[PDB]
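The form deposited in one PDB entry is given below as one chain in structure tokens.
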């Protein structure tokens, strides 16, 4: 589970002060990576998926906290509006792609086509069934050009998610947003997990990988999201005959 994703990193868990130092180093490196991508006119597209309260929002917050806000947009993706349904389901995401050298973060994304839309029946069986290759072909158009794509799935246990739901229910900034329907959707988690697993099997590609993040521990998840983003940027840079260096100071 969470232990298996943690057993992929041979490094140890850190106490709080050391976590804070490691986070600060990784955030400086992410800022440097952004300036490198801007200078070399390579776009970056980061996808985040996972159940409610898996920690997508907080992981994103630490990822871009020290990045220049001129160079990124975080898109919180919800259900399509009536105007968006007058086009193909990818249109609303095509519209949001960053320029060469810019960063776009998708907190939920086009993979909704094979997740919530499959689970709730909003997509027919033909639609979600053909969407895996549709999505691979879309991502491959971009990664054959001047874009790097990384997709993150934040795993969380039912138990840890329930703990977080109860925290939110007691939080003045968050209780207003937690509804009875959010609690009822917890009953659909087995089907969501099956759908996510088929998604991994069919759309985990060498140019657009799925990274499974152990989300039960938020501090570990933030560090892992940063490390994996940096590792993949460095490898794709090398594949392009570029070497990531310090371009800040």
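Just so we're on the same page, rigid core means the largest C-alpha set that superposes within 1.5 Å between forms. Numbering follows the first chain given and starts at 1. Shifts are known only where both forms have a C-alpha.
Just so it is clear, the following notes concern the form deposited in another entry, a form of the same protein that is not shown.
After superposing the rigid core, the C-alpha of residue 238 moves by less than 2 Å between this form and the one not shown. Annotation: Cα of residue 25 displaced by less than 2 Å between this form and the one not shown, core superposition. After superposing the rigid core, the C-alpha of residue 9 moves by 2 Å or more between this form and the one not shown. The pair residue 238 and residue 10 is at least 3 angstroms farther apart at the CA level in the other entry than in the present model. In the other entry, the CA atoms of residue 8 and residue 50 draw together by 3 angstroms or more relative to this form. After superposition on the rigid core, a single segment of 3 or more consecutive residues displaced by 2 Å or more at every C-alpha between this form and the one not shown is found, at 3 to 18.
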